[PDB]
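Accompanying notes for the structure given below.
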Amino acid sequence: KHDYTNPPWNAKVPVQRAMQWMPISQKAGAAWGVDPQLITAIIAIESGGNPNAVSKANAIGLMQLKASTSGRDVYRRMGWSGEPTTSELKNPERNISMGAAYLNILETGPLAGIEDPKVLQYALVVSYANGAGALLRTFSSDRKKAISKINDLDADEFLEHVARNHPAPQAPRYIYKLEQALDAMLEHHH
């Protein structure tokens, strides 16, 4: 039973830095059918808006994408050989484009059939964090049955499930941080 609100995450500054990229996020989210606010929240959480960011096994750039895994998954989807370069992933436009593509792959692939857009949003950030498989297997070894069980919950019950059952402490924490980020973005819309 993960203490996922501890310690408090102060989203104000990460979101202010992420919001500088919002034009790109709106362009890429437009193109890929992905919500720009979700893109921006992920930039805030991942890189804090730093396009030169690096973290876990050479995940790179604003959305901290790894070339050999996620990057490759995007290239495969686009019918391209190979995978993004480090330089490409440091480019804000390319990085946000590929992150939006990867989010779309998750939404339309392993997570297809989640009907409540808010539960889908939570399932997306948990899947971005630690993979869709770990999430789905907290429900069932069968994909369709897992999606069915997810579809029985609302967003609050979904978080509670993830907090009680997901093996990764990062999973419920990502939902907590996403909501901190979405709240902080409200200061930026008049």
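For the single chain, residues carry numbers from 1 onward in sequence order. Atom set for the values below is all heavy atoms of this structure, side chains included, hydrogens, waters and symmetry mates excluded.
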Task: Pair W21-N95, side chain to side chain contact (heavy atoms under 4.5 Å, CB included): steps then yes or no - done: CA-CA 11 Å; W21 305 107; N95 184 278; over 6 Å; no
Open item on the list: Let's go through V15 and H188 carefully: what are the C-alpha distance in whole Å and the side-chain angles of both, what is the deciding distance for side chain to side chain contact (heavy atoms under 4.5 Å, CB included) to 0.1 Å, and is it a yes or a no?
Closed with: CA-CA 9 Å; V15 164; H188 294 261; 4.0 Å; yes
TODO: Run the numbers on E46 and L62 for side chain to side chain contact (heavy atoms under 4.5 Å, CB included), then give the verdict.
DONE: CA-CA 7 Å; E46 290 291 334; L62 289 174; over 6 Å; no
Open item on the list: Is there a salt bridge (charged side-chain N to carboxylate O under 4.0 Å, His left out) between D152 and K149? Walk through the geometry before answering.
Closed with: CA-CA 5 Å; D152 294 347; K149 290 181 133 151; over 6 Å; no
Open item on the list: Before you tell me yes or no, could you show the steps for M63 and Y128 under side chain to side chain contact (heavy atoms under 4.5 Å, CB included), namely the whole-Å CA-CA distance, both residues' side-chain angles and the distance that decides it to 0.1 Å?
Closed with: CA-CA 10 Å; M63 301 188 65; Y128 196 92; 3.4 Å; yes
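By the rule that hydrophobic residues join a cluster once side-chain heavy atoms approach within less than 4.5 Å of another member, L186 and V13 end up as members of separate clusters.
The shortest distance between side-chain heavy atoms of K12 and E187 falls below 4.5 Å. Using a 4.5 Å cut-off on side-chain heavy atoms (C-beta onward), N130 and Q170 make contact. Annotation: side chain of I105 is in contact with side chain of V74 (closest heavy-atom distance under 4.5 Å). The shortest side-chain heavy-atom distance between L153 and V119 does not fall under the 4.5 Å cut-off. Looking only at side-chain heavy atoms (C-beta outward), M98 and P84 come within less than 4.5 Å of each other. Residues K1 and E160 meet the side-chain proximity criterion, which asks for heavy atoms closer than 4.5 Å. Between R173 and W9 there is a side-chain heavy-atom pair separated by less than 4.5 Å. Residues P167 and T138 are in side-chain contact: their nearest non-hydrogen atoms beyond the backbone lie under 4.5 Å apart.
The number of heavy-atom neighbours closer than 6.0 Å to CZ of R17, taken from other residues, nucleotides and ligands shown, is 12 or below. Annotation: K144, atom NZ; neighbour count of heavy atoms from other residues, nucleotides and ligands within 6.0 Å does not exceed 12.
Between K118 and the choices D116, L120, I114, the side chain to side chain contact (heavy atoms under 4.5 Å, CB included) rule is met once, by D116.
The structure places CD of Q121 at 10.5 Å from CG of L103, a figure rounded to the nearest 0.5 Å. Rounding to the nearest 0.5 angstrom, the gap separating the CD1 atom in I175 from the OH atom in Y122 is 6.5 Å. From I147, atom CD1 reaches atom CG of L136 across 5.5 Å, with rounding to the nearest 0.5 Å. Between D73 atom CG and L106 atom CG the span is 8.5 Å, to the nearest 0.5 Å. For the atom pair CD1 (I150) and CD (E115), the distance works out to 11.5 Å, reported to the nearest 0.5 Å. Note that CD of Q20 is 10.5 Å distant from CD of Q16, once rounded to the nearest 0.5 Å.
Shown here for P172 and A163, the closest heavy-atom pair between the two residues is CB-CA, 3.9 Å. Taking all atoms of both residues into account, the shortest heavy-atom contact from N151 to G113 is ND2-O, 2.8 Å. Between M19 and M185, the shortest heavy-atom distance links the atoms SD-CG, 4.2 Å. Annotation for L111 and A132: closest pair CD2-CB, 4.4 Å, computed over non-hydrogen atoms. Across every non-hydrogen atom of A41 and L178, the tightest pair is CB-CD1, 3.8 Å. Taking each heavy atom of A100 and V34 in turn, the nearest pair found is O-CG2, 3.4 Å.
The closest side-chain donor-acceptor pair between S97 and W32 falls under 3.5 angstrom. Between the side chains of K177 and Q180, no donor-acceptor pair is found at a separation under 3.5 Å. Between the side chains of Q64 and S55, at least one donor N or O sits under 3.5 Å from an acceptor N or O.
Electrostatic pairing of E83 and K66 does not count as a salt bridge here, judged by no charged N lying under 4.0 Å from a carboxylate O.
Residue pairs meeting the ring-ring contact (aromatic ring centres under 6.0 Å, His included) criterion with at least one partner in residues 132-174, sequence neighbours excluded, are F139-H161.
Panel note: side chain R72, backbone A67; no donor-acceptor pair is recorded below 3.5 Å.
With sequence neighbours excluded, the residues that form a ring pair (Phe, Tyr, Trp, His ring centres under 6.0 Å) with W80 are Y75.
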